[PDB]
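Position 1 is the first residue of the sequence, and the numbers go up from there. Atoms considered below: every heavy atom in the structure, side chains included; atoms not considered: hydrogens, waters and symmetry mates. Both counts, for ligands and for their atoms, begin at 1 and track the order of listing.
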Amino acid sequence: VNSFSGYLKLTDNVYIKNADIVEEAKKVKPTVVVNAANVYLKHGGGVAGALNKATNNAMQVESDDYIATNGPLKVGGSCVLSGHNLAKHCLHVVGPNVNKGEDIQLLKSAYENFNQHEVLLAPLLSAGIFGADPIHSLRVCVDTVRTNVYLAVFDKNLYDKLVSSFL
Ligand SMILES: Nc1ncnc(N2CC[C@@H](Oc3ccncc3)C2)c1Cl
């Protein structure tokens with residue numbers, strides 16, 4: 001038993017809710033919240049901009065030190081940093097950005113990072129401003145992640161389409 005509430009169960013291990021991941025994170029304090037990161041950990045907009053704003057820019061400060069030491073992430077890669085006031089840890093995961101021309105096949109590699117964590121609160125990777133189809137992202141999630149994932153979908157209209165079209 002865990003503290004996630006109001007989720008619809010899609011599979012043995014994937015759950016989905018119409019929720020703001022920031023508000024969801026502040027209430028649940030999950031062990032891991034996933035950020036929709038880019039390789040530079042520049043948290044300017046979308047999920048990343050929202051999560052970072054909720055940390056009063058502490059996520060960005062930590063991220064800039066990470067990049068100065070380690071260099072950029074790979075598309076499809078991840079790093080574990082602090083969850084600040086939102087979670088114990090933040091798993092920064094880089095899905096391919098279609099608006100930058102990145103290969104969509106890298107979406108599966110991106111979701112594989114979730115398997116290193118038993119339970120996660122996450123957005124749909126490569127959705128929103130990353131330009132991929134969220135229905136495809138949900139399919140890849142279900143077919144790749146084996147650990148327990150709680151997906152927060154900000155847009156109610158999108159949440160209803162994802163559920164109604166789920167196979
Ligand atoms: N998945 C998302 N994609 C893009 N923007 C989002 N947010 C939530 C509200 C606002 O973010 C904050 C964050 C901290 N204080 C007030 C508002 C935009 C989200 Cl939740």
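Of all protein heavy atoms, the one lying nearest to atom 1 (N) of ligand 1 is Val47 CG2, 3.3 Å. Here the protein heavy atom with the shortest distance to atom 15 (N) of ligand 1 is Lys53 CE, 4.1 Å. Nearest protein neighbour of atom 9 (C) of ligand 1, counting heavy atoms only, is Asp20 OD2, 3.7 Å.
A single hydrophobic cluster is seen to contain both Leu91 and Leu107, as judged by linkage of ILVMFWY side chains at heavy-atom distances under 4.5 Å, directly or through other members.
With respect to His43, the side chain to side chain donor-acceptor pair (under 3.5 Å) criterion is satisfied by exactly one of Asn52, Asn35, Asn38, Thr55: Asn35.
Heavy-atom proximity to atom 3 (N) of ligand 1, evaluated over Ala152, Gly46, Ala50, is greatest for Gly46.
For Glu24 (side chain) and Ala19 (main-chain N/O), no donor-acceptor pair under 3.5 Å exists by modelled atom type.
The aromatic rings of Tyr7 and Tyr150 stand perpendicular to each other, their planes meeting at an angle above 60°, with 30° marking the opposite boundary.
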